[PDB]
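S.K.: got the complex split up, this is the first portion:
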Amino acid sequence: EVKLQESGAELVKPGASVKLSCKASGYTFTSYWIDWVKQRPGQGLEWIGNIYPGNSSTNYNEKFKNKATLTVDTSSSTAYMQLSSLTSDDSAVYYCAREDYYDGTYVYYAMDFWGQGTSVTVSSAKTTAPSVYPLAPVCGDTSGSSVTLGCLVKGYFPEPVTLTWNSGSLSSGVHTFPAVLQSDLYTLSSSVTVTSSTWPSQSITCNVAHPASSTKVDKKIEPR
């Protein structure tokens, strides 16, 4: 079966070059065009270029002539694209796709198989462990039969982080928001809603796990 395997994520410095790869397998590699597309978060897709692996004949978008150079490796059946002088605005998700011919001809009609994206990120911050803070409801102010709690994590640069409540057992009203970026450091927060007779009685702990740095902190929310 056709498959275009791609790297999960790439981290680059504000001055550097990155060589994205898209490994093609499941078909004769040297007979189909491979396209590269770029999708910034929250905007449209932008074509980058084509390469024909058999001839190594390429096409580029005029906007991307000086940035992305596509190349191929027939022996190992891989398609490379090198981005040079990476800065911000160059932190999109890059896709590698395969062009197909209409059955019985060489007329292109669609791009069948797209590889999974490669989330290129540009930032100079080093790896830092997050700081976990137990947000608790305001002192007094006993209103209603429902109480919402939360925990807030600030300062971790490497993107992945896993937040769980009561070691994943409590998922009645959890809400974990997407991590946001500020001053080259990330911030995330999460909240859980419970009954008025649960939190003052049964303890709730926010567990934060960071894969990049070996840190695992459990914070117990307490009344003010």
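M.R.: All right, it came through fine. Residues are numbered from 1 along each chain as shown, chains lettered A, B, ... in the order given.
S.K.: give me the beta-bridge partners of residue A:180?
M.R.: residue A:187 (DSSP bridges).
S.K.: Check which helices and strands the helix or strand harbouring residue A:192 is in contact with.
M.R.: Assessed by DSSP states H and E, residue A:192 sits inside strand A:185-195. The contact analysis (3 or more C-beta pairs under 8 Å, 6 or more residues apart in numbering; DSSP states H and E) places strand A:185-195 against strand A:146-154, strand A:162-165, strand A:175-176, strand A:180-182. In short, each C-beta sits where N, CA and C put it, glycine included.
S.K.: Paired strands for the first one, with orientation please.
M.R.: The partner list of strand A:146-154 in its sheet, established with DSSP bridges, is strand A:131-133 (antiparallel), strand A:185-195 (antiparallel).
S.K.: ok, now the shortest one?
M.R.: Each strand paired with strand A:175-176, and its direction, by DSSP bridges: strand A:185-195 (antiparallel).
S.K.: ok, back up a step: winner for burial among the strands paired with strand A:146-154?
M.R.: strand A:185-195 (a mean of 18; mean count of other C-beta atoms under 10 Å).
S.K.: chain center to that strand: distance?
M.R.: Distance, stretch centre to chain centre, for strand A:185-195: 20 Å (C-alpha atoms, centre = their mean, to the nearest Å).
S.K.: ok now the following helix or strand past it, how far from the chain's centre?
M.R.: Scanning forward in sequence from strand A:185-195 by DSSP H and E, the next helix or strand is strand A:205-210. Centroid separation for strand A:205-210 versus its chain: 20 Å, with C-alpha atoms, centre = their mean.
S.K.: Over to stretch A:107-121?
M.R.: 16 Å.
S.K.: One more: stretch A:81-94?
M.R.: How far stretch A:81-94 lies from its chain's middle: 14 Å, per C-alpha atoms, centre = their mean.
S.K.: Now do the buried residues in that stretch.
M.R.: Within stretch A:81-94, the residues scored as buried using 16 or more other C-beta atoms under 10 Å are A:81, A:83, A:86, A:90-94.
S.K.: check contacts around the residue nearest the centre of chain A.
M.R.: When C-alpha atoms, centre = their mean is applied to chain A, the residue found nearest the centroid is residue A:119 (5.0 Å). Residue A:119 makes contact with A:8-10, A:93, A:159, according to C-beta atoms under 8 Å, 6 or more residues apart in numbering.
S.K.: can you slot in chain B too:
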Amino acid sequence: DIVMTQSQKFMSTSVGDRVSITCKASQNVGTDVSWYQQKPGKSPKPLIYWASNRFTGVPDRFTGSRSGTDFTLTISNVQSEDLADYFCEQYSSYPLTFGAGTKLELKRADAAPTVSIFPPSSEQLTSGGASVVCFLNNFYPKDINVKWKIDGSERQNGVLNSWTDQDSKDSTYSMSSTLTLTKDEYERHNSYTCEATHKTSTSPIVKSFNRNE
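M.R.: Following on from the chains above, chain B is added here:
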């Protein structure tokens, strides 16, 4: 460079309803437009090729049409599986142009945010910074405005906003707004307020707390 315009970036339809996504080219592209669909957390898959024809595995609901320079993708029985991003394509000229994208979302009865405000914890104060957090949960219409009042001064800087995608169980939304300050500035003011303006209430929903309460 032919510009493929997709007017609406967010479309809301209930299950079992007809929907239509429109794309408009600038130059004349003669049935050289393909419609792609990308499901949440997946790579895009082709739906329509040559602006009328349907891919091999696409169901019967999807139909593509052209009316000059205006192209349309129509879904007859919108199902729970047809909640994804849809974009155009063009290859008449060589610089390829894709549509901006249209995302399909479910529709439900309107709700009201459950605004809650959390003052900075002890550990933040010991470290040397203060964060005030405001959670606005369970409101359907995705448009909501949030304002922060530091003793009525309407602070603007240092505000971070995170928006959740539409919930799978409830089809409702959520938002988190964080205001960060130095330790000294937080100890200076007295009262803090997080207020929201939404389609379900003319009067803003306010949650306020006092520093020395």
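S.K.: same question on what packs on strand A:185-195, but now with chain B added
M.R.: Helices and strands touching strand A:185-195, by 3 or more C-beta pairs under 8 Å, 6 or more residues apart in numbering or on different chains; DSSP states H and E, are strand A:146-154, strand A:162-165, strand A:175-176, strand A:180-182, strand B:129-139, strand B:159-163, strand B:173-182.
S.K.: Just want the angle from that strand to strand B:173-182.
M.R.: The directions of strand A:185-195 and strand B:173-182 differ by 120 degrees, with axes from the mean of the first three to the mean of the last three C-alpha atoms, to 10 degrees as the criterion.
S.K.: Tell me what angle strand A:185-195 forms with strand A:205-210.
M.R.: Using the same axes, to 10 degrees: strand A:185-195 against strand A:205-210 is 160 degrees.
S.K.: Generate JSON lines for the helices and strands packed on strand A:185-195, with mean neighbour count and distance to residue A:24 as supplementary columns.
M.R.: Output for the helices and strands packed on strand A:185-195, formatted as JSON lines (neighbours: other C-beta atoms under 10 Å in any protein chain shown; distance: least, C-beta to C-beta, whole Å):
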{"stretch": "strand A:146-154", "mean neighbour count": "22", "distance to residue A:24": "39"}
{"stretch": "strand A:162-165", "mean neighbour count": "18", "distance to residue A:24": "33"}
{"stretch": "strand A:175-176", "mean neighbour count": "20", "distance to residue A:24": "36"}
{"stretch": "strand A:180-182", "mean neighbour count": "14", "distance to residue A:24": "33"}
{"stretch": "strand B:129-139", "mean neighbour count": "22", "distance to residue A:24": "45"}
{"stretch": "strand B:159-163", "mean neighbour count": "16", "distance to residue A:24": "37"}
{"stretch": "strand B:173-182", "mean neighbour count": "21", "distance to residue A:24": "40"}
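S.K.: If you tally nearby residues, what's the number for residue A:57?
M.R.: Residues within reach of residue A:57, counting by other C-beta atoms under 10 Å in any protein chain shown, total 10.
S.K.: what do you get for the one 3 residues further on?
M.R.: One way to gauge burial is a neighbour count; for residue A:60, by other C-beta under 10 Å, it gives 20.
S.K.: Distance-wise, check it relative to chain B.
M.R.: 9 Å (C-beta to the nearest C-beta, to the nearest Å).
S.K.: so the residue nearest to residue B:96 when sequence neighbours are not counted, which of the three states?
M.R.: Using C-beta to C-beta, 6 or more residues apart in numbering or on different chains and skipping the chain neighbours, the partner closest in space to residue B:96 is residue A:47 (3.7 Å). Counting by DSSP: H, G, I helix; E, B strand; the rest coil, the backbone at residue A:47 sits in strand.
S.K.: throw chain C onto that model:
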Amino acid sequence: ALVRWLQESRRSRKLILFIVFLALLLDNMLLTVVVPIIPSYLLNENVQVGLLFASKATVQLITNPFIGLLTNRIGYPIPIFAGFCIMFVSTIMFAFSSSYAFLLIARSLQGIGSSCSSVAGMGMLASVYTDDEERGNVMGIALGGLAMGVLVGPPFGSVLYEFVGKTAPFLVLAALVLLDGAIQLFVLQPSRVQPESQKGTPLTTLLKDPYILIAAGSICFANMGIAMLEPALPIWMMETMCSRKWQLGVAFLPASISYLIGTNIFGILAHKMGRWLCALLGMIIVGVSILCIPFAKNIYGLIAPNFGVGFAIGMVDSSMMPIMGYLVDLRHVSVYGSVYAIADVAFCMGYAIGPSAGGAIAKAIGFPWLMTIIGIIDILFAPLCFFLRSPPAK
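M.R.: Once chain C is put in with the chains from before, the structure reads:
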């Protein structure tokens, strides 16, 4: 233009249209290139010439249904390639033929190849162009190739025959066929059998459709007037001397130019106003031109009618080639292999039965009273194209 521009580019489905245009152009350039060479080869001198118009058309008409059924189980590229593979052999046979029987054999082989190319090329321009307006435009452009071939054939053949020998008109025509074959190999894949996904309507169900019978009858009758005139012309009966080169070189310029102009204009003008209207007004013009033909004192009197009729014929074709695919889409299963075999049989029936039936009738009553009958038949058939304004659906 640039050799590199083809290498680094998406193939834009206009290469299929280019291939169809080129195949039609070469098939019709080989068809008419023998006109300046027939009088060198000589029953009556207009019966032998009648057997040269009919030998190819009869075999093409017989073969068309088989290709229509075959493209369903094999696909179009293999018959399209077979068209070239038979055209080349026909050209080689023509260049090395030393009698009349060999001329007839080469004509029949060329008819087989032409049927393959035409049925598998018209029916593929419809499978990739499923838009109504685009299909009309591309079929008008493709039918322009027929007129271009008829225009270019006789003069180029006559020039090469008078200047650089008798085998030259075909030894410089095999090279162009070779180039067309190379282009086809570049675009198509004639090495793989690609059966169609769905089985189309039987040939005995399309033929029961009134709206397909009308569209085929328009094309069949539009060509019935010019098919009975060309075999019976004064130019054939005389030798290739006494200023007969000029009459054989420029004989078919007016009809070809008119066909080219009409088809090119109305491929795009057949949708602004209905295709039914183009066919309706394209069948009264044929009637009037055929009626005016037998009032010609000399050969020059056939210059002006042969203009008008040609133009009219173009309109009809350029209006009723897309309508077959449109009707098979609207009322039947979308498989165009066997709905264009009907169109090709209708087109070629006139030339199949012209030089014989028209000759017998003209012997029975006379030529003016044959052209009058053909013209009245066309005018009377014209109103039946009103039934293509809004045909029902499934």
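S.K.: and the neighbour count of residue A:57, now that chain C is in?
M.R.: If we define neighbours as other C-beta under 10 Å, then residue A:57 has 14 of them.
S.K.: buried set for stretch C:64-73?
M.R.: C:64-65, C:67-72 (16 or more other C-beta atoms under 10 Å in any protein chain shown).
S.K.: Now do the contacts for residue A:3.
M.R.: A:24-26, A:113 (C-beta atoms under 8 Å, 6 or more residues apart in numbering or on different chains).
S.K.: Make a PyMOL selection of the buried ones in these.
M.R.: Selecting the buried subset of these in PyMOL, with 16+ other C-beta under 10 Å as the burial test, is done by:
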select buried, chain A and resi 24+113
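S.K.: Restricted to strands, list the contacts of residue A:3.
M.R.: Under the assignment DSSP state E, the contacts of residue A:3 contribute A:24-25, A:113 to strands.
S.K.: sorry, back to before: out of the contacts of residue A:3, which two sit at the greatest distance?
M.R.: Pairwise distances across those (C-beta to C-beta) peak at 10.7 Å, for the pair A:25 and A:113.
S.K.: what do these two both touch?
M.R.: Joint contacts of residue A:25 and residue A:113 (C-beta under 8 Å, 6+ apart) are A:2-3.
S.K.: What values do phi and psi take at the closest residue to residue C:102 other than its chain neighbours?
M.R.: Excluding the flanking residues, the one nearest residue C:102 by C-beta to C-beta, 6+ apart is residue C:93, at 7.0 Å. Here is the backbone geometry of residue C:93 (degrees, to the nearest 10): phi -70, psi -40.
S.K.: what's the burial count for residue C:93?
M.R.: What residue C:93 shows, counting by other C-beta under 10 Å, is a neighbour count of 17.
S.K.: Also the one 10 residues further on?
M.R.: Other residues within reach of residue C:103 by the criterion other C-beta under 10 Å amount to 21.
S.K.: distance of it from residue C:114?
M.R.: 16 Å (C-beta to C-beta, to the nearest Å).
S.K.: sorry, back to before: give the contact list for the residue nearest to residue C:102.
M.R.: Contacts for residue C:93 (C-beta under 8 Å, 6+ apart) come out as C:102, C:105-106, C:109.
S.K.: what residues does the stretch 51-200 of chain C put near chain B?
M.R.: C:128-131, C:134 (C-beta under 8 Å from any C-beta of the partner chain).
S.K.: Torsion angles phi and psi at the nearest residue to residue C:332 once chain neighbours are set aside?
M.R.: Of all residues not flanking residue C:332 in the chain, residue C:201 sits nearest, at 4.6 Å (C-beta to C-beta, 6+ apart). Residue C:201 has phi and psi values of phi -70, psi 150 when expressed as degrees, to the nearest 10.
S.K.: That'll do, ta.
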